[PDB]
Amino acid sequence: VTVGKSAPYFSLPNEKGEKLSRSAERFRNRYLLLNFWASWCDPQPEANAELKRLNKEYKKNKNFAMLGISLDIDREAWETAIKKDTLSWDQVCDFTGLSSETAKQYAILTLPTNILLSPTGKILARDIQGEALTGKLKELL
Amino acid sequence: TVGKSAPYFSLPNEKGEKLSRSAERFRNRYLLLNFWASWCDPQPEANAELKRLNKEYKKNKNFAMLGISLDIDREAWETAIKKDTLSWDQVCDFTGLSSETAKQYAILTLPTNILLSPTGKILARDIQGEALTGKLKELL
Amino acid sequence: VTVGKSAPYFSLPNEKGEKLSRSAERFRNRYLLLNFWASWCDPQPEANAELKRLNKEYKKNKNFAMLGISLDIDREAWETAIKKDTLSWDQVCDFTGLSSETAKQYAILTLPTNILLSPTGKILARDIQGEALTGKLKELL
Amino acid sequence: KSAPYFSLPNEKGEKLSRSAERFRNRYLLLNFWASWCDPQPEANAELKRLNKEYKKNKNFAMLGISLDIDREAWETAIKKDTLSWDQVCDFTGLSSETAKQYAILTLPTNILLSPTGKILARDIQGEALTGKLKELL
């Protein structure tokens with residue numbers, strides 16, 4: 001799952017229990033930024049500022065979506081961090097933690113970690129953050 | 001607690017009748033205990049996933065679910081049971097935070113799920129989401 | 001530990017690991033409001049708003065103090081709630097959770113619960129909240 | 001339950017196991033942590049106090065197991081927080097097989113083992129930790 005490979009399938013429940021995949025209508029045929037995080041890693045002030053910024057900036061852009069994938073094991077901790085940190089974009093978590101199959105299939109090694117996917121489900125960037133991320137999204141969007 | 005025997009309990013249900021694991025409706029089955037209380041139930045998805053499981057395995061005779069509440073008020077307890085349609089067996093002995101059941105099962109926070117094997121061994125605890133449903137999908 | 005009994009001894013670590021007891025300089029000779037809570041029981045907007053009001057109203061008043069005693073078992077979850085909810089007063093937690101010795105000795109049955117102590121360490125009111133708490137303190141201070 | 005086998009390299013690159021001379025036949029406190037996820041200072045401050053308190057007690061040892069993937073962040077953290085007891089890391093991160101086998105789901109996490117390798121307690125902090133050790137040692 002290096003850059004240019006196909007992104008592994010996922011189907012993970014959101015804050016309302018609805019399972020989301022890349023082929024959901026909110027995500028299909030878009031550049032999709034996945035941000036892997038967990039409440040038990042907070043605070044992440046710098047990582048969340050960049051994400052919040054990108055979420056406001058491309059709010060209306062139909063070619064972009066963001067999905068938070070949490071490695072929380074407790075839905076109360078997960079929701080509390082979503083509310084406290086205003087994580088307003090789509091959020092999913094299957095409460096498996098460090099043993100998460102999705103983290104393992106995405107080869108995620110530390111948290112937080114951003115993975116950028118192309119409209120055809122190809123990995124375009126791994127652990128992209130900061131200026132490099134703002135830059136990349138400017139070019140692509 | 002994983003691997004040790006589940007402590008004995010005898011707790012009254014909504015009608016006032018005492019239940020233990022040796023009850024006919026529980027014995028020799030995988031038994032999911034969910035500890036909860038109406039006064040500490042801040043995430044609706046906790047009950048919704050248990051409702052989905054109750055529906056999904058209701059015809060499986062090797063599975064049963066038991067809600068144990070740390071409520072202290074019978075009326076708040078029955079009200080939450082109806083409000084969220086907690087259909088499976090429901091017990092409560094009205095001791096609250098000093099519940100001896102909770103202390104023997106090493107229940108430290110609410111809500112907590114504990115999965116017991118047919119001979120009463122603790123197989124898993126504190127499980128939610130895929131950690132809960134994948135484990136059950138494997139056992140049943 | 002009914003009203004008019006002695007408050008049991010406690011010695012519990014705060015956010016910096018210092019053990020606090022009723023005999024600490026910050027609490028001695030003061031009316032002491034204990035609030036028992038847990039991050040795993042949130043949100044509690046009504047309860048917190050009430051405590052936050054009192055904290056502010058009586059900040060200058062050297063005869064009144066507040067102490068949050070949490071039944072959290074995880075430091076991170078407890079701190080996250082302290083910050084999200086701005087629980088500025090003193091906070092202690094020994095990470096024993098719902099079987100806590102302190103909870104049991106104060107005969108706390110549910111959460112959140114307030115216990116009001118006198119300067120001599122005697123129990124003035126158990127499970128006191130809302131208007132009854134605002135009026136009781138006006139009357140005492 | 002029994003403690004899975006591991007063999008992990010320390011700061012000097014030597015492999016350590018529960019069977020190592022320095023751990024064998026002792027109560028062993030394992031602390032799982034990483035420098036990239038250590039947001040609460042009191043986690044380490046309490047372990048440092050225990051390291052100090054039980055220093056002479058030869059029935060007891062501590063081992064830190066880090067999920068770091070960068071040797072320089074790992075050692076910097078060890079020096080900064082003065083993590084003076086034994087430290088291992090094998091640089092696999094969240095994919096750590098040791099973390100998976102000990103069912104470590106979140107960080108930090110403490111696991112207490114008996115001399116014979118059985119998991120006596122896990123996920124304990126504060127009085128849950130210091131009280132259980134007082135009662136064993």
# chains A, B, ... in the order shown; residues from 1 in each chain; ligands from 1

call {"tool": "interface_residues", "arguments": {"of": "chain A", "to": "chain D", "cutoff": "8 Å", "atoms": "only C-alpha atoms", "output": "list in words"}}
result
residues 40, 41, 42, 43, 72, 73, 96, 97, 98, 99, 104, 107, 108, 109, 110 and 111 of chain A

call {"tool": "interface_residues", "arguments": {"of": "chain D", "to": "chain B", "cutoff": "12 Å", "atoms": "only C-alpha atoms", "output": "NGL selection string"}}
result
:D and (1-2 or 103 or 105 or 118-124 or 128)

call {"tool": "closest_atom_pairs", "arguments": {"of": "chain B", "to": "chain C", "cutoff": "7 Å", "atoms": "only C-alpha atoms", "output": "Markdown table"}}
result
| residue | atom | partner | partner_atom | distance |
| --- | --- | --- | --- | --- |
| B:40 | CA | C:41 | CA | 5.3 |
| B:42 | CA | C:42 | CA | 6.5 |
| B:96 | CA | C:109 | CA | 5.0 |
| B:97 | CA | C:109 | CA | 4.9 |
| B:98 | CA | C:104 | CA | 6.2 |
| B:103 | CA | C:99 | CA | 6.0 |
| B:108 | CA | C:98 | CA | 4.7 |
| B:109 | CA | C:98 | CA | 5.9 |

call {"tool": "residues_around", "arguments": {"residues": "residue 68 in chain C", "least_positions_apart": "3", "cutoff": "8 Å", "atoms": "only C-alpha atoms", "output": "MDAnalysis selection string"}}
result
chainID C and resid 34:37 89:92

call {"tool": "closest_atom_pairs", "arguments": {"of": "chain C", "to": "chain A", "cutoff": "8 Å", "atoms": "only C-alpha atoms", "output": "tab-separated table"}}
result
residue	atom	partner	partner_atom	distance
C:40	CA	A:76	CA	6.6
C:76	CA	A:40	CA	6.5
C:77	CA	A:77	CA	6.6
C:80	CA	A:81	CA	7.9
C:81	CA	A:80	CA	8.0
C:84	CA	A:84	CA	5.6

call {"tool": "residues_around", "arguments": {"residues": "residue 50 in chain C", "least_positions_apart": "4", "cutoff": "8 Å", "atoms": "only C-alpha atoms", "output": "number ranges by chain"}}
result
C: 46, 54, 129-130

call {"tool": "select_by_dssp", "arguments": {"residues": "chain B", "states": "alpha helix (DSSP H)", "output": "PDB file with N, CA, C and O atoms, in the first residue's frame"}}
result
ATOM      1  N   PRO B  44     -25.765   6.742  22.964  1.00  0.00           N
ATOM      2  CA  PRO B  44     -26.877   5.892  22.412  1.00  0.00           C
ATOM      3  C   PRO B  44     -26.384   4.683  21.586  1.00  0.00           C
ATOM      4  O   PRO B  44     -27.039   3.668  21.572  1.00  0.00           O
ATOM      5  N   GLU B  45     -25.251   4.802  20.883  1.00  0.00           N
ATOM      6  CA  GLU B  45     -24.707   3.665  20.094  1.00  0.00           C
ATOM      7  C   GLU B  45     -24.373   2.438  20.940  1.00  0.00           C
ATOM      8  O   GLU B  45     -24.348   1.364  20.407  1.00  0.00           O
ATOM      9  N   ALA B  46     -24.135   2.624  22.244  1.00  0.00           N
ATOM     10  CA  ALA B  46     -23.893   1.493  23.157  1.00  0.00           C
ATOM     11  C   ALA B  46     -25.139   0.571  23.172  1.00  0.00           C
ATOM     12  O   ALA B  46     -25.025  -0.627  22.961  1.00  0.00           O
ATOM     13  N   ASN B  47     -26.307   1.140  23.426  1.00  0.00           N
ATOM     14  CA  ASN B  47     -27.518   0.341  23.394  1.00  0.00           C
ATOM     15  C   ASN B  47     -27.888  -0.122  21.977  1.00  0.00           C
ATOM     16  O   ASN B  47     -28.408  -1.219  21.806  1.00  0.00           O
ATOM     17  N   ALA B  48     -27.710   0.739  20.988  1.00  0.00           N
ATOM     18  CA  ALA B  48     -28.099   0.348  19.625  1.00  0.00           C
ATOM     19  C   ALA B  48     -27.310  -0.895  19.179  1.00  0.00           C
ATOM     20  O   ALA B  48     -27.897  -1.858  18.647  1.00  0.00           O
ATOM     21  N   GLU B  49     -26.008  -0.954  19.457  1.00  0.00           N
ATOM     22  CA  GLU B  49     -25.298  -2.146  19.029  1.00  0.00           C
ATOM     23  C   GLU B  49     -25.786  -3.402  19.798  1.00  0.00           C
ATOM     24  O   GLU B  49     -25.829  -4.475  19.241  1.00  0.00           O
ATOM     25  N   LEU B  50     -26.152  -3.248  21.067  1.00  0.00           N
ATOM     26  CA  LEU B  50     -26.639  -4.383  21.813  1.00  0.00           C
ATOM     27  C   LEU B  50     -28.028  -4.785  21.273  1.00  0.00           C
ATOM     28  O   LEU B  50     -28.299  -5.951  21.155  1.00  0.00           O
ATOM     29  N   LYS B  51     -28.883  -3.824  20.977  1.00  0.00           N
ATOM     30  CA  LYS B  51     -30.152  -4.131  20.299  1.00  0.00           C
ATOM     31  C   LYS B  51     -29.973  -4.879  18.971  1.00  0.00           C
ATOM     32  O   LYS B  51     -30.649  -5.849  18.746  1.00  0.00           O
ATOM     33  N   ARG B  52     -29.012  -4.496  18.146  1.00  0.00           N
ATOM     34  CA  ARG B  52     -28.726  -5.198  16.900  1.00  0.00           C
ATOM     35  C   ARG B  52     -28.301  -6.639  17.184  1.00  0.00           C
ATOM     36  O   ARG B  52     -28.778  -7.584  16.529  1.00  0.00           O
ATOM     37  N   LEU B  53     -27.425  -6.836  18.168  1.00  0.00           N
ATOM     38  CA  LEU B  53     -27.035  -8.199  18.531  1.00  0.00           C
ATOM     39  C   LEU B  53     -28.169  -9.029  19.068  1.00  0.00           C
ATOM     40  O   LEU B  53     -28.252 -10.224  18.798  1.00  0.00           O
ATOM     41  N   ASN B  54     -29.018  -8.437  19.888  1.00  0.00           N
ATOM     42  CA  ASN B  54     -30.140  -9.185  20.415  1.00  0.00           C
ATOM     43  C   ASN B  54     -31.038  -9.714  19.234  1.00  0.00           C
ATOM     44  O   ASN B  54     -31.420 -10.874  19.208  1.00  0.00           O
ATOM     45  N   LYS B  55     -31.281  -8.861  18.251  1.00  0.00           N
ATOM     46  CA  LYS B  55     -32.078  -9.183  17.058  1.00  0.00           C
ATOM     47  C   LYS B  55     -31.394 -10.274  16.246  1.00  0.00           C
ATOM     48  O   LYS B  55     -31.995 -11.285  15.936  1.00  0.00           O
ATOM     49  N   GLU B  56     -30.113 -10.087  15.981  1.00  0.00           N
ATOM     50  CA  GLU B  56     -29.357 -10.971  15.155  1.00  0.00           C
ATOM     51  C   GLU B  56     -29.205 -12.416  15.687  1.00  0.00           C
ATOM     52  O   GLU B  56     -29.173 -13.361  14.900  1.00  0.00           O
ATOM     53  N   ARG B  74     -36.085   2.342  41.034  1.00  0.00           N
ATOM     54  CA  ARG B  74     -36.787   1.422  40.156  1.00  0.00           C
ATOM     55  C   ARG B  74     -37.441   2.172  38.994  1.00  0.00           C
ATOM     56  O   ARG B  74     -37.479   1.673  37.869  1.00  0.00           O
ATOM     57  N   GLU B  75     -37.941   3.375  39.260  1.00  0.00           N
ATOM     58  CA  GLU B  75     -38.695   4.052  38.228  1.00  0.00           C
ATOM     59  C   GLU B  75     -37.796   4.585  37.085  1.00  0.00           C
ATOM     60  O   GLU B  75     -38.174   4.477  35.923  1.00  0.00           O
ATOM     61  N   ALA B  76     -36.649   5.176  37.430  1.00  0.00           N
ATOM     62  CA  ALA B  76     -35.654   5.619  36.431  1.00  0.00           C
ATOM     63  C   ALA B  76     -35.144   4.412  35.618  1.00  0.00           C
ATOM     64  O   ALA B  76     -34.927   4.544  34.429  1.00  0.00           O
ATOM     65  N   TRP B  77     -34.982   3.256  36.274  1.00  0.00           N
ATOM     66  CA  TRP B  77     -34.545   2.018  35.625  1.00  0.00           C
ATOM     67  C   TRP B  77     -35.552   1.534  34.553  1.00  0.00           C
ATOM     68  O   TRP B  77     -35.175   1.293  33.371  1.00  0.00           O
ATOM     69  N   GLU B  78     -36.817   1.357  34.962  1.00  0.00           N
ATOM     70  CA  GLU B  78     -37.894   0.969  34.004  1.00  0.00           C
ATOM     71  C   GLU B  78     -38.147   1.968  32.923  1.00  0.00           C
ATOM     72  O   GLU B  78     -38.431   1.583  31.796  1.00  0.00           O
ATOM     73  N   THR B  79     -38.024   3.238  33.246  1.00  0.00           N
ATOM     74  CA  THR B  79     -38.175   4.223  32.246  1.00  0.00           C
ATOM     75  C   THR B  79     -37.099   4.047  31.164  1.00  0.00           C
ATOM     76  O   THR B  79     -37.477   3.949  30.014  1.00  0.00           O
ATOM     77  N   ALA B  80     -35.799   3.900  31.517  1.00  0.00           N
ATOM     78  CA  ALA B  80     -34.746   3.765  30.503  1.00  0.00           C
ATOM     79  C   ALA B  80     -34.967   2.478  29.729  1.00  0.00           C
ATOM     80  O   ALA B  80     -34.747   2.431  28.532  1.00  0.00           O
ATOM     81  N   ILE B  81     -35.356   1.417  30.412  1.00  0.00           N
ATOM     82  CA  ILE B  81     -35.618   0.151  29.738  1.00  0.00           C
ATOM     83  C   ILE B  81     -36.661   0.322  28.632  1.00  0.00           C
ATOM     84  O   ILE B  81     -36.476  -0.202  27.529  1.00  0.00           O
ATOM     85  N   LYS B  82     -37.749   1.047  28.908  1.00  0.00           N
ATOM     86  CA  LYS B  82     -38.733   1.296  27.868  1.00  0.00           C
ATOM     87  C   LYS B  82     -38.275   2.272  26.793  1.00  0.00           C
ATOM     88  O   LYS B  82     -38.413   1.997  25.593  1.00  0.00           O
ATOM     89  N   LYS B  83     -37.764   3.410  27.220  1.00  0.00           N
ATOM     90  CA  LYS B  83     -37.279   4.417  26.300  1.00  0.00           C
ATOM     91  C   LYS B  83     -36.351   3.847  25.199  1.00  0.00           C
ATOM     92  O   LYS B  83     -36.482   4.215  24.039  1.00  0.00           O
ATOM     93  N   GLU B 100     -21.993  -4.854  44.824  1.00  0.00           N
ATOM     94  CA  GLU B 100     -21.095  -5.953  45.012  1.00  0.00           C
ATOM     95  C   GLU B 100     -20.893  -6.768  43.720  1.00  0.00           C
ATOM     96  O   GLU B 100     -19.791  -7.257  43.469  1.00  0.00           O
ATOM     97  N   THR B 101     -21.952  -6.916  42.930  1.00  0.00           N
ATOM     98  CA  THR B 101     -21.811  -7.549  41.617  1.00  0.00           C
ATOM     99  C   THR B 101     -20.742  -6.848  40.762  1.00  0.00           C
ATOM    100  O   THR B 101     -19.950  -7.508  40.122  1.00  0.00           O
ATOM    101  N   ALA B 102     -20.752  -5.517  40.782  1.00  0.00           N
ATOM    102  CA  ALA B 102     -19.872  -4.733  39.911  1.00  0.00           C
ATOM    103  C   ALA B 102     -18.473  -4.917  40.442  1.00  0.00           C
ATOM    104  O   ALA B 102     -17.545  -5.117  39.699  1.00  0.00           O
ATOM    105  N   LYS B 103     -18.332  -4.863  41.753  1.00  0.00           N
ATOM    106  CA  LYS B 103     -17.001  -5.030  42.342  1.00  0.00           C
ATOM    107  C   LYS B 103     -16.444  -6.467  42.080  1.00  0.00           C
ATOM    108  O   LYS B 103     -15.324  -6.625  41.656  1.00  0.00           O
ATOM    109  N   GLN B 104     -17.244  -7.495  42.250  1.00  0.00           N
ATOM    110  CA  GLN B 104     -16.753  -8.831  41.921  1.00  0.00           C
ATOM    111  C   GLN B 104     -16.431  -9.043  40.450  1.00  0.00           C
ATOM    112  O   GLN B 104     -15.569  -9.852  40.135  1.00  0.00           O
ATOM    113  N   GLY B 129     -18.154  -2.306  19.525  1.00  0.00           N
ATOM    114  CA  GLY B 129     -17.950  -2.242  18.091  1.00  0.00           C
ATOM    115  C   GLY B 129     -17.529  -3.599  17.525  1.00  0.00           C
ATOM    116  O   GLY B 129     -18.039  -4.651  17.952  1.00  0.00           O
ATOM    117  N   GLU B 130     -16.559  -3.562  16.613  1.00  0.00           N
ATOM    118  CA  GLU B 130     -16.017  -4.770  15.974  1.00  0.00           C
ATOM    119  C   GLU B 130     -15.343  -5.722  16.967  1.00  0.00           C
ATOM    120  O   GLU B 130     -15.396  -6.953  16.795  1.00  0.00           O
ATOM    121  N   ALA B 131     -14.720  -5.175  18.030  1.00  0.00           N
ATOM    122  CA  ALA B 131     -14.163  -6.039  19.057  1.00  0.00           C
ATOM    123  C   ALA B 131     -15.307  -6.890  19.667  1.00  0.00           C
ATOM    124  O   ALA B 131     -15.094  -8.010  20.086  1.00  0.00           O
ATOM    125  N   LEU B 132     -16.519  -6.351  19.733  1.00  0.00           N
ATOM    126  CA  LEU B 132     -17.633  -7.112  20.311  1.00  0.00           C
ATOM    127  C   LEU B 132     -18.287  -8.075  19.261  1.00  0.00           C
ATOM    128  O   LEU B 132     -18.411  -9.299  19.457  1.00  0.00           O
ATOM    129  N   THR B 133     -18.688  -7.494  18.142  1.00  0.00           N
ATOM    130  CA  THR B 133     -19.375  -8.274  17.117  1.00  0.00           C
ATOM    131  C   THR B 133     -18.479  -9.298  16.430  1.00  0.00           C
ATOM    132  O   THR B 133     -18.959 -10.371  16.102  1.00  0.00           O
ATOM    133  N   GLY B 134     -17.211  -8.988  16.176  1.00  0.00           N
ATOM    134  CA  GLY B 134     -16.305 -10.002  15.601  1.00  0.00           C
ATOM    135  C   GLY B 134     -16.096 -11.185  16.540  1.00  0.00           C
ATOM    136  O   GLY B 134     -16.102 -12.326  16.109  1.00  0.00           O
ATOM    137  N   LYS B 135     -15.887 -10.915  17.832  1.00  0.00           N
ATOM    138  CA  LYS B 135     -15.751 -11.961  18.826  1.00  0.00           C
ATOM    139  C   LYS B 135     -17.002 -12.869  18.868  1.00  0.00           C
ATOM    140  O   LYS B 135     -16.879 -14.108  18.831  1.00  0.00           O
ATOM    141  N   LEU B 136     -18.184 -12.272  18.891  1.00  0.00           N
ATOM    142  CA  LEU B 136     -19.384 -13.082  18.882  1.00  0.00           C
ATOM    143  C   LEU B 136     -19.564 -13.844  17.582  1.00  0.00           C
ATOM    144  O   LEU B 136     -20.043 -14.976  17.606  1.00  0.00           O
ATOM    145  N   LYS B 137     -19.272 -13.200  16.451  1.00  0.00           N
ATOM    146  CA  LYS B 137     -19.394 -13.875  15.150  1.00  0.00           C
ATOM    147  C   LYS B 137     -18.495 -15.120  15.127  1.00  0.00           C
ATOM    148  O   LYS B 137     -18.842 -16.119  14.557  1.00  0.00           O
ATOM    149  N   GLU B 138     -17.366 -15.065  15.802  1.00  0.00           N
ATOM    150  CA  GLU B 138     -16.425 -16.186  15.881  1.00  0.00           C
ATOM    151  C   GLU B 138     -16.965 -17.316  16.748  1.00  0.00           C
ATOM    152  O   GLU B 138     -16.767 -18.459  16.421  1.00  0.00           O
ATOM    153  N   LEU B 139     -17.662 -16.998  17.840  1.00  0.00           N
ATOM    154  CA  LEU B 139     -18.050 -17.999  18.846  1.00  0.00           C
ATOM    155  C   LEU B 139     -19.301 -18.727  18.489  1.00  0.00           C
ATOM    156  O   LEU B 139     -19.478 -19.885  18.839  1.00  0.00           O
TER     157      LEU B 139
END

call {"tool": "select_by_dssp", "arguments": {"residues": "chain D", "states": "strand (DSSP E or B)", "output": "VMD selection string"}}
result
chain D and resid 2 8 to 10 15 to 16 27 to 33 60 to 66 86 to 89 109 to 113 118 to 122

call {"tool": "write_last_selection", "arguments": {"atoms": "N, CA, C and O atoms", "output": "CSV table (one decimal), in the first residue's frame"}}
result
chain,number,residue,atom,x,y,z
D,2,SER,N,-0.8,-16.8,30.6
D,2,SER,CA,0.6,-16.7,30.4
D,2,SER,C,1.1,-15.5,29.6
D,2,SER,O,0.4,-15.1,28.7
D,8,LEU,N,13.5,-8.4,22.7
D,8,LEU,CA,13.5,-7.1,22.1
D,8,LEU,C,14.8,-6.4,22.4
D,8,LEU,O,15.3,-6.6,23.5
D,9,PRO,N,15.3,-5.6,21.5
D,9,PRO,CA,16.6,-5.0,21.7
D,9,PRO,C,16.5,-3.7,22.6
D,9,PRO,O,15.6,-2.9,22.5
D,10,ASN,N,17.5,-3.6,23.5
D,10,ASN,CA,17.6,-2.4,24.3
D,10,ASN,C,18.3,-1.3,23.7
D,10,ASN,O,18.5,-1.3,22.4
D,15,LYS,N,19.4,-8.1,23.0
D,15,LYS,CA,18.0,-8.6,23.0
D,15,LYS,C,17.7,-9.0,24.5
D,15,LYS,O,18.5,-9.6,25.2
D,16,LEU,N,16.5,-8.7,24.9
D,16,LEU,CA,16.1,-9.0,26.3
D,16,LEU,C,14.7,-9.7,26.2
D,16,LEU,O,13.9,-9.4,25.4
D,27,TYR,N,8.6,-10.6,39.9
D,27,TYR,CA,7.4,-9.9,39.4
D,27,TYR,C,8.0,-8.9,38.4
D,27,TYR,O,9.0,-8.2,38.7
D,28,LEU,N,7.3,-8.8,37.3
D,28,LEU,CA,7.8,-7.9,36.2
D,28,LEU,C,6.7,-6.9,35.8
D,28,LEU,O,5.6,-7.4,35.4
D,29,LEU,N,6.9,-5.6,36.1
D,29,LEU,CA,6.0,-4.6,35.5
D,29,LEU,C,6.4,-4.2,34.1
D,29,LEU,O,7.5,-3.6,33.9
D,30,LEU,N,5.6,-4.5,33.1
D,30,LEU,CA,5.8,-4.0,31.8
D,30,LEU,C,5.1,-2.7,31.5
D,30,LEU,O,3.8,-2.6,31.8
D,31,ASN,N,5.8,-1.6,31.1
D,31,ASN,CA,5.1,-0.5,30.6
D,31,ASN,C,5.2,-0.2,29.1
D,31,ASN,O,6.4,0.0,28.7
D,32,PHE,N,4.1,-0.2,28.4
D,32,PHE,CA,4.1,0.0,27.0
D,32,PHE,C,3.8,1.5,26.8
D,32,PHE,O,2.9,2.1,27.4
D,33,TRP,N,4.6,2.1,25.9
D,33,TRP,CA,4.5,3.5,25.7
D,33,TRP,C,5.1,3.8,24.3
D,33,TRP,O,5.6,2.9,23.6
D,60,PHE,N,11.5,-7.8,42.2
D,60,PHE,CA,10.8,-6.9,41.3
D,60,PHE,C,11.7,-6.2,40.3
D,60,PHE,O,12.8,-5.7,40.6
D,61,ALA,N,11.2,-6.2,39.0
D,61,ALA,CA,11.8,-5.4,38.0
D,61,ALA,C,10.8,-4.7,37.1
D,61,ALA,O,9.6,-5.1,37.0
D,62,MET,N,11.3,-3.7,36.3
D,62,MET,CA,10.5,-3.0,35.4
D,62,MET,C,11.1,-3.0,34.0
D,62,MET,O,12.3,-3.0,33.9
D,63,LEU,N,10.3,-3.1,33.0
D,63,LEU,CA,10.7,-3.0,31.6
D,63,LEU,C,9.8,-2.1,30.8
D,63,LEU,O,8.6,-2.3,30.7
D,64,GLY,N,10.4,-1.1,30.2
D,64,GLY,CA,9.7,-0.2,29.2
D,64,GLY,C,9.8,-0.8,27.8
D,64,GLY,O,10.9,-1.2,27.4
D,65,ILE,N,8.6,-0.9,27.2
D,65,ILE,CA,8.6,-1.4,25.8
D,65,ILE,C,7.9,-0.2,25.0
D,65,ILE,O,6.7,0.1,25.2
D,66,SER,N,8.7,0.3,24.1
D,66,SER,CA,8.2,1.5,23.3
D,66,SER,C,7.8,1.0,21.9
D,66,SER,O,8.4,0.1,21.4
D,86,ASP,N,15.2,-0.5,32.6
D,86,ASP,CA,15.4,-1.2,31.3
D,86,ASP,C,14.4,-0.7,30.2
D,86,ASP,O,13.2,-0.6,30.5
D,87,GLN,N,14.9,-0.4,29.1
D,87,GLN,CA,14.1,0.1,27.9
D,87,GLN,C,14.4,-0.8,26.6
D,87,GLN,O,15.5,-0.9,26.2
D,88,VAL,N,13.3,-1.3,26.1
D,88,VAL,CA,13.4,-1.9,24.8
D,88,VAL,C,12.4,-1.3,23.8
D,88,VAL,O,11.4,-0.6,24.1
D,89,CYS,N,12.8,-1.5,22.5
D,89,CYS,CA,12.0,-1.0,21.4
D,89,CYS,C,12.5,-1.9,20.2
D,89,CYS,O,13.7,-2.1,20.0
D,109,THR,N,0.2,1.7,28.5
D,109,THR,CA,-0.5,0.6,29.3
D,109,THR,C,0.5,-0.2,30.2
D,109,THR,O,1.6,-0.5,29.7
D,110,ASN,N,0.2,-0.4,31.4
D,110,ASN,CA,1.0,-1.2,32.4
D,110,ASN,C,0.5,-2.6,32.5
D,110,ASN,O,-0.8,-2.8,32.4
D,111,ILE,N,1.3,-3.6,32.5
D,111,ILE,CA,1.0,-5.0,32.6
D,111,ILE,C,1.8,-5.6,33.7
D,111,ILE,O,3.1,-5.4,33.7
D,112,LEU,N,1.2,-6.2,34.7
D,112,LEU,CA,2.0,-6.7,35.8
D,112,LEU,C,2.0,-8.3,35.7
D,112,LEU,O,1.0,-8.9,35.6
D,113,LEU,N,3.3,-8.8,35.7
D,113,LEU,CA,3.5,-10.3,35.6
D,113,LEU,C,4.0,-10.9,36.8
D,113,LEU,O,4.8,-10.2,37.5
D,118,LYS,N,2.5,-15.1,34.7
D,118,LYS,CA,1.0,-14.9,34.5
D,118,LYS,C,0.6,-13.4,34.7
D,118,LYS,O,1.2,-12.7,35.6
D,119,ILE,N,-0.3,-13.0,33.9
D,119,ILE,CA,-0.7,-11.6,33.9
D,119,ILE,C,-1.5,-11.5,35.1
D,119,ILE,O,-2.5,-12.1,35.3
D,120,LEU,N,-1.0,-10.6,36.0
D,120,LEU,CA,-1.7,-10.4,37.3
D,120,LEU,C,-2.7,-9.3,37.3
D,120,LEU,O,-3.7,-9.3,38.0
D,121,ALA,N,-2.4,-8.2,36.5
D,121,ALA,CA,-3.2,-7.0,36.4
D,121,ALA,C,-2.8,-6.3,35.1
D,121,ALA,O,-1.6,-6.4,34.7
D,122,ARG,N,-3.7,-5.6,34.5
D,122,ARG,CA,-3.3,-4.8,33.4
D,122,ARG,C,-4.1,-3.5,33.4
D,122,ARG,O,-5.1,-3.4,34.0

call {"tool": "closest_residue", "arguments": {"among": "C:59, C:4, C:70, C:33", "to": "residue 102 in chain C", "atoms": "only C-alpha atoms"}}
result
C:70

call {"tool": "atom_distance", "arguments": {"atom1": "CA of residue 10 in chain C", "atom2": "CA of residue 22 in chain C"}}
result
7.1 Å
